[PDB]
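Trainee: See structure25.cif below, with mmCIF, C-alpha atoms.
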```cif
data_run
#
loop_
_atom_site.group_PDB
_atom_site.id
_atom_site.type_symbol
_atom_site.label_atom_id
_atom_site.label_comp_id
_atom_site.auth_asym_id
_atom_site.auth_seq_id
_atom_site.Cartn_x
_atom_site.Cartn_y
_atom_site.Cartn_z
ATOM 1 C CA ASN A 8 140.347 145.534 336.988
ATOM 2 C CA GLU A 9 141.730 143.424 334.146
ATOM 3 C CA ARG A 10 144.751 145.554 333.223
ATOM 4 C CA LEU A 11 145.821 146.135 336.837
ATOM 5 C CA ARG A 12 145.699 142.432 337.692
ATOM 6 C CA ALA A 13 147.511 141.649 334.436
ATOM 7 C CA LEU A 14 150.330 144.098 335.197
ATOM 8 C CA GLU A 15 150.565 142.748 338.751
ATOM 9 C CA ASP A 16 150.805 139.155 337.514
ATOM 10 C CA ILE A 17 153.384 140.294 334.955
ATOM 11 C CA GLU A 18 155.527 141.913 337.651
ATOM 12 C CA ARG A 19 155.203 138.824 339.854
ATOM 13 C CA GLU A 20 156.218 136.530 336.989
ATOM 14 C CA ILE A 21 159.126 138.858 336.187
ATOM 15 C CA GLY A 22 160.342 138.636 339.775
ATOM 16 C CA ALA A 23 159.937 134.857 339.785
ATOM 17 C CA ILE A 24 161.845 134.519 336.507
ATOM 18 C CA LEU A 25 164.588 136.797 337.840
ATOM 19 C CA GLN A 26 164.959 134.689 340.987
ATOM 20 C CA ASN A 27 164.985 131.478 338.936
ATOM 21 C CA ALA A 28 167.577 132.875 336.520
ATOM 22 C CA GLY A 29 169.760 133.973 339.428
ATOM 23 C CA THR A 30 169.538 130.527 341.014
ATOM 24 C CA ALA A 31 170.373 128.882 337.681
ATOM 25 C CA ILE A 32 173.330 131.221 337.118
ATOM 26 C CA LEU A 33 174.626 130.424 340.605
ATOM 27 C CA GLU A 34 174.225 126.674 340.063
ATOM 28 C CA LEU A 35 175.977 126.874 336.684
ATOM 29 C CA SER A 36 178.901 129.131 337.634
ATOM 30 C CA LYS A 37 179.372 127.349 340.976
ATOM 31 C CA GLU A 38 180.609 123.968 339.712
ATOM 32 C CA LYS A 39 180.780 122.008 336.465
ATOM 33 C CA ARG A 43 180.703 125.124 329.625
ATOM 34 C CA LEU A 44 179.026 127.463 327.138
ATOM 35 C CA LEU A 45 175.642 127.360 328.903
ATOM 36 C CA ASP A 46 177.122 129.678 331.543
ATOM 37 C CA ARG A 47 176.851 132.364 328.855
ATOM 38 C CA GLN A 48 173.066 132.225 329.264
ATOM 39 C CA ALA A 49 173.756 132.940 332.940
ATOM 40 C CA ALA A 50 174.786 136.435 331.831
ATOM 41 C CA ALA A 51 171.253 136.862 330.473
ATOM 42 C CA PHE A 52 170.124 136.533 334.098
ATOM 43 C CA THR A 53 171.783 139.889 334.758
ATOM 44 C CA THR A 54 169.819 141.240 331.792
ATOM 45 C CA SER A 55 166.667 140.001 333.529
ATOM 46 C CA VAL A 56 167.722 142.138 336.497
ATOM 47 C CA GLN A 57 167.775 145.106 334.122
ATOM 48 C CA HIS A 58 164.169 144.212 333.292
ATOM 49 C CA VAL A 59 163.293 144.883 336.936
ATOM 50 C CA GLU A 60 165.026 148.243 336.522
ATOM 51 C CA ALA A 61 162.725 148.855 333.562
ATOM 52 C CA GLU A 62 159.849 147.930 335.862
ATOM 53 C CA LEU A 63 161.404 150.421 338.268
ATOM 54 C CA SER A 64 161.330 152.884 335.381
ATOM 55 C CA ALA A 65 157.791 151.658 334.742
ATOM 56 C CA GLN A 66 157.140 152.453 338.398
ATOM 57 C CA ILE A 67 159.171 155.667 338.131
ATOM 58 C CA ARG A 68 157.245 157.115 335.182
ATOM 59 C CA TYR A 69 153.985 155.551 336.345
ATOM 60 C CA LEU A 70 150.714 157.386 337.009
ATOM 61 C CA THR A 71 151.729 159.082 340.289
ATOM 62 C CA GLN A 72 148.409 160.901 340.529
ATOM 63 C CA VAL A 73 149.207 163.029 343.599
ATOM 64 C CA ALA A 74 152.214 161.332 345.261
ATOM 65 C CA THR A 75 151.181 163.259 348.392
ATOM 66 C CA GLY A 76 147.841 161.636 349.202
ATOM 67 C CA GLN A 77 145.801 158.536 348.475
ATOM 68 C CA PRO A 78 143.714 158.257 345.290
ATOM 69 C CA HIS A 79 140.451 156.391 344.662
ATOM 70 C CA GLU A 80 138.311 158.573 346.901
ATOM 71 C CA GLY A 81 135.380 156.747 348.452
ATOM 72 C CA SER A 82 134.941 153.048 349.144
ATOM 73 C CA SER A 83 131.720 153.196 347.067
ATOM 74 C CA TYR A 84 130.288 150.805 349.663
ATOM 75 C CA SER A 85 126.947 152.598 349.523
ATOM 76 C CA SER A 86 126.010 149.779 347.156
ATOM 77 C CA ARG A 87 127.257 147.322 349.780
ATOM 78 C CA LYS A 88 125.031 148.941 352.405
ATOM 79 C CA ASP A 89 122.096 148.807 349.991
ATOM 80 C CA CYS A 90 122.797 145.105 349.463
ATOM 81 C CA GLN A 91 122.832 144.559 353.226
ATOM 82 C CA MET A 92 119.440 146.256 353.447
ATOM 83 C CA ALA A 93 118.136 144.101 350.594
ATOM 84 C CA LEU A 94 119.317 140.902 352.279
ATOM 85 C CA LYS A 95 117.765 142.098 355.540
ATOM 86 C CA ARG A 96 114.454 142.695 353.769
ATOM 87 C CA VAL A 97 114.681 139.222 352.233
ATOM 88 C CA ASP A 98 115.260 137.732 355.686
ATOM 89 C CA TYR A 99 112.334 139.706 357.115
ATOM 90 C CA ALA A 100 110.118 138.429 354.305
ATOM 91 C CA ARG A 101 111.292 134.876 354.969
ATOM 92 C CA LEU A 102 110.445 135.276 358.658
ATOM 93 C CA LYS A 103 106.990 136.669 357.888
ATOM 94 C CA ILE A 104 106.379 133.839 355.422
ATOM 95 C CA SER A 105 107.441 131.301 358.049
ATOM 96 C CA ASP A 106 105.039 132.856 360.556
ATOM 97 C CA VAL A 107 102.195 132.755 358.027
ATOM 98 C CA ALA A 108 103.052 129.135 357.225
ATOM 99 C CA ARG A 109 103.004 128.187 360.905
ATOM 100 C CA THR A 110 99.617 129.890 361.221
ATOM 101 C CA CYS A 111 98.306 128.007 358.181
ATOM 102 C CA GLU A 112 99.597 124.665 359.467
ATOM 103 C CA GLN A 113 97.912 125.387 362.798
ATOM 104 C CA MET A 114 94.715 126.179 360.879
ATOM 105 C CA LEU A 115 94.629 122.565 359.668
ATOM 106 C CA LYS B 112 197.030 127.380 374.191
ATOM 107 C CA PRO B 113 196.699 123.754 373.076
ATOM 108 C CA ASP B 114 196.718 124.572 369.329
ATOM 109 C CA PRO B 115 195.704 121.063 368.195
ATOM 110 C CA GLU B 116 193.966 122.403 365.097
ATOM 111 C CA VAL B 117 197.159 124.187 364.030
ATOM 112 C CA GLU B 118 199.113 120.936 364.355
ATOM 113 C CA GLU B 119 196.418 119.047 362.436
ATOM 114 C CA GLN B 120 196.521 121.616 359.623
ATOM 115 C CA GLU B 121 200.327 121.487 359.542
ATOM 116 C CA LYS B 122 200.227 117.685 359.322
ATOM 117 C CA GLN B 123 197.589 117.789 356.577
ATOM 118 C CA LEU B 124 199.676 120.288 354.598
ATOM 119 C CA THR B 125 202.985 118.469 355.134
ATOM 120 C CA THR B 126 201.924 114.845 354.537
ATOM 121 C CA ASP B 127 200.664 115.119 350.953
ATOM 122 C CA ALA B 128 199.403 118.762 350.788
ATOM 123 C CA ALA B 129 195.863 117.317 351.065
ATOM 124 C CA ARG B 130 196.125 114.598 353.805
ATOM 125 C CA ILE B 131 194.018 112.242 351.647
ATOM 126 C CA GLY B 132 195.121 110.565 348.429
ATOM 127 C CA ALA B 133 198.215 111.047 346.271
ATOM 128 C CA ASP B 134 197.363 109.907 342.726
ATOM 129 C CA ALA B 135 193.593 109.414 343.151
ATOM 130 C CA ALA B 136 192.972 113.167 343.501
ATOM 131 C CA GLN B 137 190.536 115.341 341.505
ATOM 132 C CA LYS B 138 193.076 116.546 338.925
ATOM 133 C CA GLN B 139 190.641 115.797 336.094
ATOM 134 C CA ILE B 140 187.788 117.470 337.985
ATOM 135 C CA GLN B 141 190.146 120.389 338.618
ATOM 136 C CA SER B 142 190.926 120.661 334.899
ATOM 137 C CA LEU B 143 187.218 120.555 334.046
ATOM 138 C CA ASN B 144 186.564 123.269 336.640
ATOM 139 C CA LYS B 145 189.389 125.376 335.194
ATOM 140 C CA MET B 146 187.951 125.025 331.685
ATOM 141 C CA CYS B 147 184.495 125.972 332.978
ATOM 142 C CA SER B 148 186.000 128.977 334.774
ATOM 143 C CA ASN B 149 187.785 130.077 331.595
ATOM 144 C CA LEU B 150 184.534 129.783 329.630
ATOM 145 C CA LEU B 151 182.656 131.739 332.306
ATOM 146 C CA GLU B 152 185.352 134.428 332.316
ATOM 147 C CA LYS B 153 185.139 134.737 328.528
ATOM 148 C CA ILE B 154 181.338 134.989 328.709
ATOM 149 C CA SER B 155 181.557 137.610 331.467
ATOM 150 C CA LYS B 156 184.098 139.643 329.490
ATOM 151 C CA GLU B 157 181.837 139.508 326.430
ATOM 152 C CA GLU B 158 178.843 140.576 328.531
ATOM 153 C CA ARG B 159 180.829 143.459 330.031
ATOM 154 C CA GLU B 160 181.998 144.620 326.597
ATOM 155 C CA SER B 161 178.394 144.432 325.371
#
```
Produce structure tokens that represent the structure in this file.

Mentor:
Amino acid sequence: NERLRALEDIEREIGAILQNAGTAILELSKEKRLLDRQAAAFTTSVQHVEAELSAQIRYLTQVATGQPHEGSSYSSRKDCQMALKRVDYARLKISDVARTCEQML
Amino acid sequence: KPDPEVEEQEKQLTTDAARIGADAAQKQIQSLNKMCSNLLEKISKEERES
């Protein structure tokens, strides 16, 4: 939920920062300079991805042979569909009763 | 077998070694690029040693 989305956003931001640092290093070392030293840090950012790789290497890996999270748990979804259907049926019955009452006048 | 590009390259190399400009070249830009390349090489050597 929260932690999974946070780690995903963190990995996405890490990839974006790595791409930006690579582009900046290319633009700096292409033409003209001490700032090019920070370009080396871009390579360090690449190592961060490797750490993420390590983070993916020594990750959960529950089975690594099948798919986890058994069951879509959509029984609740089906129950909600039935509830909405009952609500619609009640609305239809109420509309019929209202038409009958209006005809009574 | 026409080889017009070869003749054009030979003329460009034999006229002034650049075919455009003699004293109005990028010698200062070249020196700045060489200094930037030396700085980048020093930074890369430091990063490799680290």

Trainee: What are the residues of chain A lining chain B at 9 Å or less? Count only C-alpha atoms, and put the answer as a ChimeraX atom specification.

Mentor: /A:36,38-39,43-51

Trainee: Record the distance separating CA of residue 62 in chain A and CA of residue 21 in chain A, expressed in Å with one decimal.

Mentor: 9.1 Å

Trainee: Of the candidates A:71, A:26, A:105, A:8, which one gets nearest to residue 59 in chain A if we count all atoms listed in the file?

Mentor: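 Of all the options, A:26 lies closest to residue 59 in chain A.
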
Trainee: So how far away is CA of residue 137 in chain B from CA of residue 116 in chain B, in Å?

Mentor: 24.9 Å

Trainee: Quick one, how far is CA of residue 138 in chain B from CA of residue 125 in chain B?

Mentor: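 CA of residue 125 in chain B lies 19.1 Å from CA of residue 138 in chain B.
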
Trainee: Excluding residue 56 in chain A and any residue of its chain fewer than 4 positions from it, enumerate the residues within 7 Å of it, using all atoms listed in the file, and give them as a list in words.

Mentor: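 The filter keeps residues 25, 52 and 60 of chain A.
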
Trainee: Once 8 Å is added on each side, what centre and edge lengths in Å to one decimal does the axis-aligned box around all listed atoms of range 114-118 of chain B have, as lines of an AutoDock Vina configuration file?

Mentor:
```
center_x = 196.5
center_y = 122.8
center_z = 366.7
size_x = 21.1
size_y = 19.6
size_z = 21.3
```
